[PDB]
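Residues 234 to 279, 297 to 336, 339 to 391, 401 to 402, 408 to 567 (the entry's author numbering) make up the sequence shown, in order. In this text, a Cβ means the ideal position worked out from N, Cα and C, and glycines have one as well. Shown next, in structure tokens, is the structure this report addresses.
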Amino acid sequence: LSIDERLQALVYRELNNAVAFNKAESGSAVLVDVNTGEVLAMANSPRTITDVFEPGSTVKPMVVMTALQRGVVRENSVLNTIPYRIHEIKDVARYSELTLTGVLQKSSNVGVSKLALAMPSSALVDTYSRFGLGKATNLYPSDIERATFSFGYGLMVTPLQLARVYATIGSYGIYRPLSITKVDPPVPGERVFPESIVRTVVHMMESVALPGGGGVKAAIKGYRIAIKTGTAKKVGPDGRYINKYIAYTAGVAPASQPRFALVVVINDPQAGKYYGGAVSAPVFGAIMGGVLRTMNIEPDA
């Protein structure tokens with residue numbers, strides 16, 4: 234088994250605290266070795299199971315990557331983030349303009365939509381699936411659609427598939443499948459994005475774990491981290507959006523060198539702000555914090 238029981242233990246602990254602390258239905262976390270594909274932790278907090303959900307804001311960095319690749323945008327590009335209609341596209345806050353760094357920091361739906369509007373319908377469908385979305389894990402189907415898909419709506423994924431996305435980010439775009447069994451490093455994978463493109467967006471994602479960043483409460487003293495938090499109002503077995511929320515974070519650390527990819531979900535939180543975009547951001551912080559220390563990984567900041 235790839236599982237590290239130290240990492241499994243503390244992931245389970247923080248997962249229990251976070252579920253109790255938020256009066257949530259359940260939680261799940263998946264820790265993955267960014268260089269090998271090895272699932273080092275995979276836990277639920279009630297024998298509960300990891301289902302599917304709308305990945306929301308975690309798909310955004312891929313959108314930016316694709317855009318950078320297509321030459322749509324340059325590394326220092328500023329986007330018009332003025333909201334528009336198709339059907340309203342808006343943000344947590346009205347910004348006239350954001351940097352690409354800015355769009356992540358602030359999780360700009362408006363800005364990642366304009367990228368996805370300004371690209372083929374294939375461009376995202378390629379990238380997403382290149383990062384392994386719409387593909388089994390073996391341990401996802408017009409502008410309105412191109413747009414929602416740009417901030418991860420009208421498509422669903424498991425924690426496991428997403429953990430595979432963020433592993434591919436940490437490795438700087440070498441795709442590898444997940445592994446429930448030990449391997450010897452290194453593990454050859456598949457080049458799915460240029461290293462230079464993933465590195466850039468990894469650095470930009472560092473803004474999300476800093477002040478002004480939606481992911482600030484995941485911040486860990488002594489380390490850079492590249493994350494994405496959001497939420498998703500659970501949808502019924504019919505299309506109606508239910509009052510349930512599924513808070514999620516995903517990321518890799520330390521950002522200067524990525525060792526680990528972590529994906530944490532907290533299902534149906536009932537305390538504090540249940541809807542809030544960052545509900546799952548503290549426990550991501552607890553878990554990655556414990557991992558890095560436990561693995562004697564040298565401070566990054």
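Is residue j closer than 9 Å to residue i when the C-beta atoms are compared?
i	j	result
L444	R430	yes
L273	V323	no
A484	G384	no
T300	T424	yes
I532	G306	no
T495	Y514	yes
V482	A544	yes
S437	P311	no
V263	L428	yes
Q319	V474	no
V265	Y432	yes
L329	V302	no
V458	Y441	yes
Should residue i be labelled buried (16 or more other beta-carbon atoms within 10 Å of its own) or exposed?
i	result
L476	exposed
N326	exposed
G363	buried
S408	exposed
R490	buried
residue 407	Coordinates for residue 407 are lacking, as the chain steps from 402 to 408 with nothing built in between.
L391	exposed
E349	exposed
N361	buried
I410	exposed
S416	buried
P279	exposed
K499	exposed
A345	exposed
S373	exposed
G478	exposed
Could you check the C-alpha separation between residue i and residue j for me, to the nearest Å?
i	j	result
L528	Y334	34 Å
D450	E564	22 Å
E304	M422	4 Å
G418	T447	30 Å
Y541	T308	17 Å
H469	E340	30 Å
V453	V267	10 Å
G455	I486	30 Å
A251	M371	39 Å
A242	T389	23 Å
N249	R559	20 Å
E472	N509	31 Å
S381	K387	7 Å
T379	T497	22 Å
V530	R246	13 Å
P548	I336	35 Å
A413	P460	24 Å
Using a Cβ-Cβ cutoff of less than 6 Å, which residues in the same chain neighbour residue i once the five nearest sequence positions on both sides are dropped?
i	result
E271	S235, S445
Return the chain-ordered list of same chain residues with a C-beta closer than 8 Å to the C-beta of residue i, the five sequence neighbours on each side being excluded.
i	result
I463	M315, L318, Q319, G439
Less than 7 Å between C-beta atoms, sequence neighbours within five positions excluded: which residues of the same chain meet that for residue i?
i	result
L240	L264, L273, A274, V557, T560
Contact the segment 537-547 vs the segment 248-268: 3+ CB pairs below 8 Å: Between the segment 537-547 and the segment 248-268 there are three or more C-beta pairs closer than 8 Å, enough to call the two in contact.
At least three beta-carbon pairs within less than 8 Å, the segment 494-506 to the segment 518-527: Touching, no, given that fewer than three Cβ pairs across the two stretches are closer than 8 Å.
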